[PDB]
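Number 203 in our numbering belongs to position 184 of the sequence shown; there are no gaps in the numbering.
For each residue, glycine too, the CB sits at the ideal point set by N, CA and C.
Okay, structure first, notes after.
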Amino acid sequence: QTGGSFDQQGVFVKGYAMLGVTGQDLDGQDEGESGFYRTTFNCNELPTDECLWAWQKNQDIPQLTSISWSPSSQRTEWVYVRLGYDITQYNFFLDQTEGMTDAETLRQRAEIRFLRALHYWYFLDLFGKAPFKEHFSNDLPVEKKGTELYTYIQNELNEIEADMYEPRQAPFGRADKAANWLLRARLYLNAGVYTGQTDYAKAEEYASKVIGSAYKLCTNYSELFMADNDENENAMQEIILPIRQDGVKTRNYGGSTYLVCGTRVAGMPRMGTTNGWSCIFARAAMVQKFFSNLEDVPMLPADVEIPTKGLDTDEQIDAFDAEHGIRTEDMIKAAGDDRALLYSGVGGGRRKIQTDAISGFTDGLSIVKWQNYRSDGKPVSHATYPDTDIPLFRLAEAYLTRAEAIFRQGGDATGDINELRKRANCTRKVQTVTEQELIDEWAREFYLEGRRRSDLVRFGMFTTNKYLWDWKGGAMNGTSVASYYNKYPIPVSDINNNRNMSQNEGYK
Ligand SMILES: OC[C@H]1O[C@H](O[C@H]2[C@H](O)[C@@H](O)[C@@H](O[C@H]3[C@H](O)[C@@H](O)[C@@H](O[C@H]4[C@H](O)[C@@H](O)[C@@H](O[C@H]5[C@H](O)[C@@H](O)[C@@H](O[C@H]6[C@H](O)[C@@H](O)[C@@H](O[C@H]7[C@H](O)[C@@H](O)[C@H](O)O[C@@H]7CO)O[C@@H]6CO)O[C@@H]5CO)O[C@@H]4CO)O[C@@H]3CO)O[C@@H]2CO)[C@H](O)[C@@H](O)[C@@H]1O
Ligand SMILES: [Ca+2]
Ligand SMILES: [Ca+2]
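Below is the structure:
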């Protein structure tokens with residue numbers, strides 16, 4: 020539908036919706052697996068030191084879990100096709116509005132181009148290249164890779180800035196200048212990876228612009244991931260770009276539902292939902308980001324039995340956990356960090372910190388960072404699907420990005436790192452910053468937010484022996500894998516359909 024049938028406003032809104040909702044066609048793929056969020060999240064989380072997918076029988080899960088996928092990877096095709104599809108939609112909107120000079124359309128085009136740029140970043144970060152097309156048409160996309168792609172995204176962002184909303188002036192959910200600046204800061208931070216030439220001075224500069232804007236850090240970390248993060252100034256003042264989610268109106272199995280339902284199982288107190296999928300749990304390496312010595316991690320003694328009765332309600336579960344100091348609040352206290360939103364209690368069965376074999380959901384601690392509970396205690400909209408928004412872009416990213424840029428430039432990054440540690444009410448403060456502390460802090464601050472893999476690759480820790488974590492590369496204590504795994508392969512299906520695309524080095 021074009022011309023007189025083109026619903027500009029409607030298509031504009033759908034532009035943003037692709038970030039958090041699945042439409043309504045790949046073979047053997049549940050609709051709930053096609054989302055922009057879920058596919059990119061898995062590609063940047065499942066293979067990392069942050070988490071594990073409990074149901075390994077699911078297609079392509081073992082491959083992603085241990086960094087052993089191939090060009091026939093179903094989950095690689097999923098994110099590749101999803102990213103490409105969203106872009107064709109943006110190109111369509113831009114083509115249909117081309118030539119329109121009214122203030123309204125200009126702003127919409129700026130934001131759409133912002134959204135397209137973000138998508139091209141994922142292509143660049145995940146594949147080092149992307150099936151490029153500036154317009155909507157029949158023509159096969161051409162290949163745009165590395166430096167040229169990097170330069171295109173940067174140029175897009177630089178060109179559309181002037182037309183975007185001032186920081187915190189756009190309707191909640193839409194991207195403003197600070198979102199623009201944050202994306203560029205991320206690009207610059209990883210410029211070394213994408214172009215072979217680092218540019219930390221620029222990453223620092225754009226990070227400072229974001230930090231110097233109206234955005235501010237939420238005083239209660241957990242609130243950023245709660246049901247009312249779209250009706251709480253404390254959380255909203257930090258969320259530069261949210262992915263709206265609603266228990267009744269905006270549902271997505273791969274949306275906040277994925278982060279809440281996917282990390283819970285029946286028996287856990289305060290599930291915030293009626294459905295616990297028991298899918299995502301933390302690896303020992305994740306827990307170690309909060310407990311350098313895993314022996315300090317509050318755990319139930321192995322010689323203590325868990326009653327088969329009397330543990331049916333949250334009240335009973337909590338009381339039992341308190342007796343053994345294993346309530347999440349007890350986990351946070353022992354961790355001396357508000358971000359230690361983990362659970363080792365008996366709700367759902369005995370938990371392990373590390374496992375000799377990936378058997379089930381309880382082989383690692385549970386992650387209760389995402390919640391379908393409002394900080395003000397008010398009712399949520401639905402008993403199953405969460406109202407919780409996904410704060411894709413948070414101000415915290417600017418502090419860690421500037422901190423990393425300063426450190427790599429030979430300066431003192433303690434100031435920026437302690438800004439986040441202070442917010443999380445950390446008992447331990449950083450006296451000096453090391454590469455190790457930085458990558459560890461990136462995990463403590465952003466675990467389960469869909470970016471882990473990218474930070475690891477930048478630190479040369481994703482495939483190498485520089486950092487081995489439980490189950491990395493398929494080995495209990497971790498093992499390395501080929502360096503070509505730092506980039507996902509181009510789906511064989513697209514290699515076959517578009518001769519313009521060349522496979523990434525290393526893959527067959
Ligand atoms: O008919 C269309 C429908 O088909 C499928 O759903 C039906 C099943 O095919 C059918 O067999 C029956 O499922 C029951 C099983 O038969 C029964 O054995 C038991 O299943 C076990 C399962 O065997 C275990 O592996 C374990 O399951 C895990 C999964 O392995 C995890 O991946 C996770 O799951 C979640 C998905 O990952 C999410 O994407 C989402 O799934 C939704 C799809 O994304 C969406 O497109 C679709 O429309 O709805 C899906 C949900 O209904 O949520 C999933 C969790 O709900 O977590 C589960 C749970 O740990 O444990 C289960 C439970 O013991 O029980 C099964 C359910 O009763 O009935 C199914 C319909 O309810 C497709 O899966 C579905 O997408 C199609 O629409
Ligand atoms: Ca409300
Ligand atoms: Ca919401």
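Per DSSP, the unbroken alpha helix (DSSP H) holding residue 140 starts and ends at 122 to 146. Looking at the DSSP output, residue 258 bridges to 413. Annotated three-state conformation of residue 445 is coil, per DSSP. Residue 371 is a Cβ neighbour of residue 381, given a cutoff of 8 Å.
If you check the C-beta of residue 124 against ligand 3, you find no heavy atom less than 7 Å away.
Sorted by position in the chain, 249, 263, 264, 265, 406 and 408 make up the residues whose C-beta lies under 6 Å from a heavy atom of ligand 3. If you compare the alpha carbons of 274, 27 and 272 with that of residue 117, the shortest gap goes to 27. In the three-state reduction of the DSSP assignment, residue 361 falls in the strand class. Distance from the CA atom of residue 413 to the CA atom of residue 259, rounded to whole angstroms, is 5 Å. Restricting attention to 136, 393 and 422, the CA atom closest to the CA of residue 408 is found in 393. Remark: the shortest separation between the CB of residue 298 and any heavy atom of ligand 1 falls under 7 Å. Per DSSP, reduced to three states, the secondary structure at residue 72 is strand.
Per DSSP, the beta-bridge partners of residue 161 are 151.
When secondary structure is reduced to three states using DSSP, residue 351 falls in the helix class. For residue 273, the closest C-alpha among the options 60, 495, 511 and 348 is that of 60. The count of Cβ pairs closer than 8 Å, one atom from the segment 315 to 322 and one from the segment 82 to 97, stays below three, leaving the stretches out of contact. Placement of the Cβ of residue 367 at a distance of 7 Å or more from every heavy atom of ligand 1 is found.
Distances from the CB of residue 294 to the heavy atoms of ligand 1 include at least one below 7 Å.
A Cβ-Cβ contact shorter than 8 Å links residue 489 with residue 373.
By DSSP's assignment, residue 184 forms a beta bridge with 195. Residue state for residue 380 is assigned as helix, using DSSP reduced to three classes.
With a cutoff of 8 Å on beta-carbon distance, residue 280 and residue 73 are scored as not near each other.
Rounded to the nearest whole angstrom, the C-alpha separation of residue 213 and residue 205 is 11 Å.
Leaving aside the five residues that flank residue 524 on each side, the residues in its chain whose CB is nearer than 7 Å to its CB run, in chain order, 503.
Rounded to the nearest whole angstrom, the CA to CA distance from residue 200 to residue 516 is 36 Å. Assignment of residue 336 by DSSP, reduced to helix, strand and coil, places it in the helix class. Under a 10 Å Cβ-count criterion, residue 308 is classified as buried, with 16 or more other Cβ atoms of the shown protein chains found around its own Cβ. Distances from the CA of residue 434 to each of 419, 396, 498 and 109 were compared; the closest alpha carbon is that of 419. In this chain, the alpha helix (DSSP H) harbouring residue 112 covers 93 to 116. Counting C-beta atoms within 10 angstroms of its own C-beta, residue 416 has 16 or more neighbours from the protein chains shown and is therefore classed as buried.
Between residue 404 and residue 270 the beta-carbon gap is near 5 Å, inside 8 Å, which marks them as a contact. Residues of the same chain with a CB within less than 8 Å of the CB of residue 479, apart from the 5 flanking positions on each side, are 485 in chain order. Distance from the CA of residue 23 to the CA of residue 466, rounded to the nearest whole angstrom, comes to 46 Å. By the Cβ test, the segment 350 to 359 is in contact with the segment 309 to 316, since at least three Cβ pairs between them sit closer than 8 Å. The continuous stretches of alpha helix (DSSP H) do not include residue 325, and DSSP gives it neither H nor E. Residue 301: member of the beta strand (DSSP E) spanning 299 to 301, first to last residue.
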